[PDB]
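Visitor:
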Amino acid sequence: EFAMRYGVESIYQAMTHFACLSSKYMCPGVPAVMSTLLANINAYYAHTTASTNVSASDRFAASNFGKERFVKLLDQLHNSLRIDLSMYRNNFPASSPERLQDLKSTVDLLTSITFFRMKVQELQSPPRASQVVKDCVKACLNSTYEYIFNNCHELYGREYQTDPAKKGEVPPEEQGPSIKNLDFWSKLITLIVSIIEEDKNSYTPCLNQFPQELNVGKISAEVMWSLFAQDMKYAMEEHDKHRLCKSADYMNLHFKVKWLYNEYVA
Amino acid sequence: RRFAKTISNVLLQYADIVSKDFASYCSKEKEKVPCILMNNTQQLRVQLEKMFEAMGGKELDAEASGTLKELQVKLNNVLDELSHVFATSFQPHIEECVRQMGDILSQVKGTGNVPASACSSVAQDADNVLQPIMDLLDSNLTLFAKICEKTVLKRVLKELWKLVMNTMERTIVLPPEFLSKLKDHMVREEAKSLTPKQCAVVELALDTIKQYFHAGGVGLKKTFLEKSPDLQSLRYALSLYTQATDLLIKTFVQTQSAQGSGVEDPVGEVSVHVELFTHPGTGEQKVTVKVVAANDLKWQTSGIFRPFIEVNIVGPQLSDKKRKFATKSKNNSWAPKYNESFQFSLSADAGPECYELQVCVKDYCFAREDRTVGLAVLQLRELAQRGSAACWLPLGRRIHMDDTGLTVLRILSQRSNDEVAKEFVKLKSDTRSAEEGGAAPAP
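Protein sequence lines correspond, in order, to chains S and D. Using this note's numbering, you'd call the opening residue of the first sequence number 1 and step up by one each time. Using this note's numbering, you'd call the opening residue of the second sequence number 1001 and step up by one each time.
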């Protein structure tokens, strides 16, 4: 009634409410609403009346919300989405399906923004959503890799160890690499597997928007193996100097690495 | 800056002069003097904070301030050391006390079938058990609570609490002679466990000691005492003494994680191929074990060698299940091939990480006895990832263990009528009958 009495067009109301929602975008379901809302704001400026001789970007420059304002709003939001997606595992734990759906809709919103940049702003080279997300996933995977690589024993102890007395806080240098024993690496491999599987199983189905460009399980395997492989390569070089573990242990590690590689990487 | 050095030099030289004589005052006739010296030390810290603040506190020069903050931490640590040195002069008395508490608790057993001086109430037995230490504690803690400043008292009490908890753990709950009397070979006695009644009594003596050390808030916070790792460790050891056979066995498999990372001084090896099947027909777990061969068996014997390979599964809930298989024997063959495939069932409930294969090579000997050549452990946690594994298990002479394996084992050996415990204890207590290639391994 305020809007109808005072001539405020529906698209202004929407771009305003989208601006409100953009502050609360972390909140459950909001990214779906925002994605939908932006697909509508998009459809409004993009498609409405082909009988016009004006670009979608110029018709959008005739927005009473302000083109600039909405462009900036979308950029800030896109950045906030990039940040949260750069910790997607932590910020959208697999133990919450709804947070996985918010993750999905967070990406669907990022797509809707990129699509709005492409269609309404008529931008010639918007940062491709699939790529933006892939980078976020890489950033998260790096931070994940660091996390597991710092917390290896706690994580492994808890998740796989059949004797409870071994589940606890073994030293940071064994929740990280040791020259005396390979056990960190064995445990790290199983955690890398657990992460790759979580990515394959939870996050890849969740993030199916760009199936031909984004497979989270592939990216997880690639990054996790890469990080692991650099580290493992330095570590094996280091073990090759010291030779403190037995021949057999490196053979067992070799079998595990072979298996890991051949299962997920080959 | 110049003056902060003066302060530091003087006050550390005080702290030092005191610290040097401190132990000489920690003798039983002068208990007050250590308390007073601790209070002096602490009074230095207090007067130093005053003096730091009088020197402008936050507005003091950075190196002068740094000097005095350093000094305050050093002095704090002196007070901690003095508190420890003080608490330590009570250690022999705490040990004597706790040994007496142990002499009293030996007279309490599983008393629902014992006379009313030991089926005396759980409370009265706890009080009797406690009496040696409560003569010490009541008097001393009430004296210290007076003559120690509250910072001094708390530090003294933490050092005494730890000392009591550890002494009780060592002297009462895990007495080294219970290695001898049913972990070890020394006596065919049932050892007598900590019986439910002596588990109680102790758990109540401990709540009383905790209340004593709490002293209605005058001593240590209930929160420090409950979170006390010393207490938690003591409670853990106690919890083991009543735990069910399967739970003890699960605990063994989950804790003995190192029984799956290289035998030291091997006596041969066994090639196995193993397939965990999260049984595609049931969602139980079944364990196929293809015994391929053995090799390098250190058993060039005084006769016809006739090796066969026993395979055993180990873990919880196996009473209803075939725990053992064996290959055929092979005549005169230190590298016998078998190619024999066995199929254990695990439980449905307990995951593969609750289980381990134990692979034993034995010489078949009619008229005599089938000599253990060697033993290997494979942890099925590994196979929980691997699904199927080819592996050459090195064979040992005995399985290598930690304190908790050895504690669980000495606990299970007291369950000397439980058939699962009997067979578990027997199975872990199997070692290579030494001969034809050697007695004791490495871990």
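Using N, Cα and C, we set each Cβ at its ideal position, and we do this for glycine too.
1. Skipping 5 residues on each side, what residues in its chain have a beta carbon closer than 8 Å to that of D:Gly1268?
2. For D:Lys1330, which residues of its own chain have a beta-carbon under 8 Å away from its beta-carbon, when the five flanking residues on both sides are left out?
3. List, in chain order, every chain D residue whose beta-carbon is nearer than 9 Å to that of S:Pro171.
4. Please work out which residues of its chain come closer than 6 Å, Cβ to Cβ, to D:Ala1205, disregarding the five sequence neighbours upstream and downstream, and give them in chain order.
5. With respect to the alpha helix (DSSP H) encompassing D:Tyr1338, which residues constitute its N-terminal and C-terminal limits?
6. When the Cβ atoms of the stretch 1407-1414 of chain D are set against those of the stretch 1310-1317 of chain D, are three or more pairs found closer than 8 Å?
7. Excluding sequence positions up to five away, which residues of its chain have a Cβ less than 6 Å from the Cβ of S:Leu74?
8. Could you pull out every unbroken alpha helix (DSSP H) segment of at least 4 residues lying fully inside the stretch 34-87 of chain S, listed in chain order?
9. Closer than 7 Å between beta carbons: that is the criterion. Which residues of the stretch 209-223 of chain S meet it against chain D?
10. Kindly give me the distance between the Cβ atoms of S:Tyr145 and S:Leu227, rounded to whole angstroms, as I take these residues to be in contact under 8 Å.
11. Under the DSSP definition of a beta bridge, which residues are partnered with D:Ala1293?
12. So which residues on chain S does D:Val1253 lean against when the C-beta distance must stay under 8 Å?
13. When you compare only the Cα positions, how much space is there between D:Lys1181 and D:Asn1009?
14. Nearest to D:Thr1067 by alpha carbon, out of D:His1084, D:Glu1081, D:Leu1079 and D:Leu1048?
15. Go through its chain and collect everything with a Cβ distance to S:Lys258's Cβ below 7 Å, but skip five positions before and after it.
16. Quick one: which residues of the stretch 1370-1390 of chain D get their C-beta closer than 9 Å to a C-beta of chain S? List them in chain order.
17. So which residues on chain S does D:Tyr1355 lean against when the C-beta distance must stay under 9 Å?
18. Beta-carbon separation of residue 992 of chain D and D:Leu1220 under 9 Å?
19. Which value, in whole angstroms, describes the spacing of the CA atoms of D:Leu1082 and S:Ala139?
20. So residue 977 of chain D and D:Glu1356 are in contact, right, with Cβ under 8 Å, and what is the actual spacing, rounded?
21. Using 9 Å as the limit for Cβ to Cβ distance, is D:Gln1124 near chain S?
22. Got a sec: is the Cβ-Cβ distance from D:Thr1404 to anything in chain S below 9 Å?
23. Would you please state the rounded distance, in angstroms, between the beta carbons of D:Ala1237 and D:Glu1169? I believe it to be under 8 Å.
24. Please check if any C-beta of chain S sits within less than 9 Å of the C-beta of D:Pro1132.
25. Can we say the stretch 1098-1109 of chain D touches the stretch 1032-1041 of chain D, given the rule of at least three CB pairs closer than 8 Å?
26. Quick one, are the C-beta atoms of D:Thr1151 and D:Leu1060 less than 9 Å apart?
27. Using a Cβ-Cβ cut-off of 9 Å, state whether S:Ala235 counts as contacting chain D.
28. Do the CB positions of S:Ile219 and S:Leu141 come within less than 9 Å of each other?
29. Output needed for D:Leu1044: all residues of its chain with C-beta closer than 8 Å, excluding positions within five of it in sequence on either side, in chain order.
30. From what residue to what residue does the alpha helix (DSSP H) around D:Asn1039 run?
31. Within 10 angstroms of the Cβ of D:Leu1234, are there 16 or more other Cβ atoms? Answer buried if so, exposed if not.
32. Taking only beta-carbon atoms, is D:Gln1256 less than 9 Å away from chain S?
33. Check the Cβ of S:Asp183 against every Cβ in chain D and list those closer than 8 Å, keeping chain order.
34. Any C-beta of chain D sitting closer than 9 Å to the C-beta of S:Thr36?
35. Do the stretch 1179-1195 of chain D and the stretch 1084-1098 of chain D touch if we need at least three Cβ pairs shorter than 8 Å?
36. Quick test of the definition: if touching needs 3 or more C-beta pairs under 8 Å, does the stretch 1274-1291 of chain D touch the stretch 1418-1434 of chain D?
Guide: Reading from the atomic positions:
1. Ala1294, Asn1295, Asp1296, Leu1297, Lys1298, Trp1299, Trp1334, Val1361, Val1373, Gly1374, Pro1394 and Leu1395
2. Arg1306, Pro1307, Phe1308, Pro1336, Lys1337 and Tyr1338
3. What S:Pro171 touches in chain D: nothing, since even the nearest Cβ is about 15 Å away.
4. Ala1126, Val1129 and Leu1130
5. First-last for D:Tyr1338: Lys1337 to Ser1345, but that is the beta strand (DSSP E), not the alpha helix (DSSP H).
6. no
7. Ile113
8. 56-61 and 67-85
9. none
10. 5 Å
11. D:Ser1271 and D:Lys1337
12. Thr162 and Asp163
13. 57 Å
14. D:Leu1048
15. none
16. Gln1379, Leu1380, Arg1381, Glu1382, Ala1384, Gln1385, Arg1386, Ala1389 and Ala1390
17. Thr162
18. Residue 992 of chain D lies beyond the stretch modelled for chain D, which goes from 1001 to 1443, so this question has no answer here.
19. 51 Å
20. This structure does not reach residue 977 of chain D, given that chain D is present from 1001 up to 1443, and the question cannot be answered.
21. no
22. yes
23. 6 Å
24. no
25. no
26. no
27. no
28. yes
29. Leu1011, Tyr1014, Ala1015 and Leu1075
30. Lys1032 to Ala1054
31. buried
32. yes
33. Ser1261
34. no
35. no
36. no
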